[PDB]
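Asks: The data below comprise the sequence and an experimental structure of the protein.
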Amino acid sequence: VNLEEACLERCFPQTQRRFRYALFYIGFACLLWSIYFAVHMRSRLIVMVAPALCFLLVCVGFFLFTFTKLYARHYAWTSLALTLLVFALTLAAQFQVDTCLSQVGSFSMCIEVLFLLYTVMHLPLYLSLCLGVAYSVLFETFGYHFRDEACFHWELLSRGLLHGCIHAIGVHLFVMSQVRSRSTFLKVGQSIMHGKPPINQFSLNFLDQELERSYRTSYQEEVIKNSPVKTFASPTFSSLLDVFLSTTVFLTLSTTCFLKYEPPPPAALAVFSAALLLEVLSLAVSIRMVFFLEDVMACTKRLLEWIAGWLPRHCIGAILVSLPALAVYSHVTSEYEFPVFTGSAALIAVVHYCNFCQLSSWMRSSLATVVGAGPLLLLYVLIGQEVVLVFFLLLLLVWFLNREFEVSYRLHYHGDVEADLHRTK
């Protein structure tokens, strides 16, 4: 229990910076929504922008708490106080709904707040999972009960399938963040006992080029050396869960889209069938690079490490991480003018790019902007202005989280190589 305390007080500055950035983002979402609310929803202003701006000063106060020595003692409590406040504001914003707001706007709030609770607030797993699901079940319950009929069975299943996707991504994001945080602390701990961040903010590469080059092939040489899967952060085993997560996210997100139709276009069946065929093959390789059954030969191994290379993995991982995105857009046709479902579903397709932490964050985040958010944006070409603000906020969260988890998995590898280096000495 003392080593977990020691881990906490060493990792606490990361939790400080993480939580502080969430306050800046939550206020930015509140500020941006206020400006949009003040122009396209002038019918009810003092009730729709006042809670949004009142939360702005709350974030400043929560920012003020951060420098206080009392926050250093109970930072878990401080994050809990914000989480309920952000929960209450978002359900309140969903309580009310020219005088109407699209559902995708509310769904972005539900998704964005959930990702904050799971990834940036450092609450316990049981608290984050139960509080998140309780918020998700209350978000859906309030919407179905407090909906407006003036403007707007299997539908209920679609909500759980969609909300199941984010919780799966959120818990995977939180678990991966925890195991890398715990592993990095131990390995620098072993490094300091053996003796007795070199990452540029922009490009996210090790400042030492030799370390950068060995980083790229590290997963490749992991397969060639056939390193046994030791912990949850092993590069080969880490790949298995993200490939697994891409399977579940794509399966359910495709299940919802097929639920709306229950004739699907031949483009819908073709992309899903290829996606399932690629997913089962990609999933099979992930379990085969980890478990290495007795049926293995050298011929199949040679292509196994070949895939593990830096470039080809980004070639296949880009398709894999985007496969939920192409699943949604295979269900669109010329009869688009239907739009609420794809917008809500594409909200999770762009969310899914937070997966595959091994891949470069810049590739995944840009793919989300270009292939997971872009096709819906120019398809529309105020609902149009809303989805622009909706996807900008979610992408901004996706872009930032990919930045934070990449440097986490980068610094985890830095701790391993130094710990491995000190073991050879």
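Replies: Received it, and whenever you're ready, just let me know what you need. Numbers count the residues shown, from 1 in each chain.

Asks: Check which helix or strand residue 345 maps to.
Replies: helix 339-351 (DSSP states H and E).

Asks: From the contact counts, what lies against the helix or strand that comes right after that helix?
Replies: Per DSSP H and E, the first helix or strand lying C-terminal to helix 339-351 is helix 361-367. Counting contacts by 3 or more CB pairs under 8 Å, 6 or more residues apart in numbering; DSSP states H and E, helix 361-367 packs against helix 310-329, helix 383-424. No exception for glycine: its C-beta is placed from N, CA and C like everyone else's.

Asks: Quick check: which of those helices is buried the most?
Replies: Greatest average neighbour count among these goes to helix 310-329 (a mean of 21), per mean count of other CB atoms under 10 Å.

Asks: now the helices and strands packed on helix 361-367 as TSV including distance to residue 33?
Replies: Compiled in TSV, these are given as follows (distance: least, CB to CB, whole Å):
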stretch	distance to residue 33
helix 310-329	24
helix 383-424	7
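
Asks: So which of these is nearest residue 29?
Replies: Nearest to residue 29 among the helices and strands packed on helix 361-367 is helix 383-424; the distance by CB to CB comes to 5.3 Å.

Asks: that older thread, for residue 248, which of the helices and strands packed on helix 361-367 is the nearest?
Replies: helix 310-329 (9.7 Å).

Asks: For the helix holding residue 345, output the C-alpha coordinates as CSV.
Replies: The C-alpha trace of helix 339-351 is given here as CSV (Å, rounded to 0.1, in the frame of the first residue of the first chain):
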residue,chain,number,x,y,z
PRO,A,339,-29.4,12.1,-40.5
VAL,A,340,-29.7,11.9,-36.7
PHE,A,341,-28.6,8.3,-36.5
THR,A,342,-25.4,8.7,-38.6
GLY,A,343,-24.5,11.8,-36.8
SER,A,344,-24.9,10.1,-33.4
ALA,A,345,-23.1,7.0,-34.8
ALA,A,346,-20.3,8.9,-36.4
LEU,A,347,-19.8,10.5,-33.0
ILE,A,348,-18.6,7.1,-31.8
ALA,A,349,-16.7,6.3,-35.0
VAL,A,350,-14.5,9.4,-34.4
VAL,A,351,-14.3,8.4,-30.8
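
Asks: residues in contact with that helix?
Replies: With CB atoms under 8 Å, 6 or more residues apart in numbering as the test, helix 339-351 has contacts from 102-104, 107-108, 111, 115, 158, 162, 165-166, 169, 249, 253, 256-257, 260, 324-325, 327-329, 331-332, 368, 372-373, 375-376, 383, 387, 390-391, 394-395, 398.

Asks: Now do the buried residues in it.
Replies: Residues of helix 339-351 classed as buried: 339, 341, 342, 343, 344, 345, 346, 347, 348, 349, 350, 351 (neighbour count, 16 or more other CB atoms under 10 Å).

Asks: Just say helix, strand or coil for residue 172.
Replies: Judged by DSSP: H, G, I helix; E, B strand; the rest coil, the three-state class of residue 172 is helix.

Asks: related to what we said a few turns ago, who wins for proximity to residue 211 among the helices and strands packed on helix 361-367?
Replies: helix 383-424 (7.2 Å).

Asks: helices and strands around the closest one, which ones?
Replies: helix 2-40, helix 103-119, helix 154-195, helix 209-216, helix 339-351, helix 361-367, helix 374-380.

Asks: quick one: the helix holding residue 345 to helix 103-119, angle?
Replies: Put simply, helix 339-351 runs at 20 degrees to helix 103-119, going by axes from the mean of the first three to the mean of the last three CA atoms, to 10 degrees.

Asks: any idea how far helix 339-351 is from the chain center?
Replies: Offset of helix 339-351 from its chain centre (CA atoms, centre = their mean, to the nearest Å): 14 Å.

Asks: so where do the helices sit in the stretch 201-350 of the chain?
Replies: 209-216, 218-224, 235-260, 266-291, 298-307, 310-329, 339-351 (DSSP state H, counting those that start in this stretch).

Asks: I'd like to know how far the residue nearest in space to the middle of the chain sits from residue 323.
Replies: Nearest to the mean C-alpha position of the chain, by CA atoms, centre = their mean, lies residue 354 at 3.7 Å. Applying CB to CB, to the nearest Å, the value for residue 354 to residue 323 is 14 Å.

Asks: which ones are touching the closest residue to the residue nearest to the centre of the chain other than its chain neighbours?
Replies: Spatially, and ignoring its direct neighbours in sequence, residue 354 is nearest to residue 401 (5.4 Å; CB to CB, 6 or more residues apart in numbering). Contact analysis of residue 401 by CB under 8 Å, 6+ apart lists 115, 119, 120, 173, 354.

Asks: I appreciate the help and will end here.
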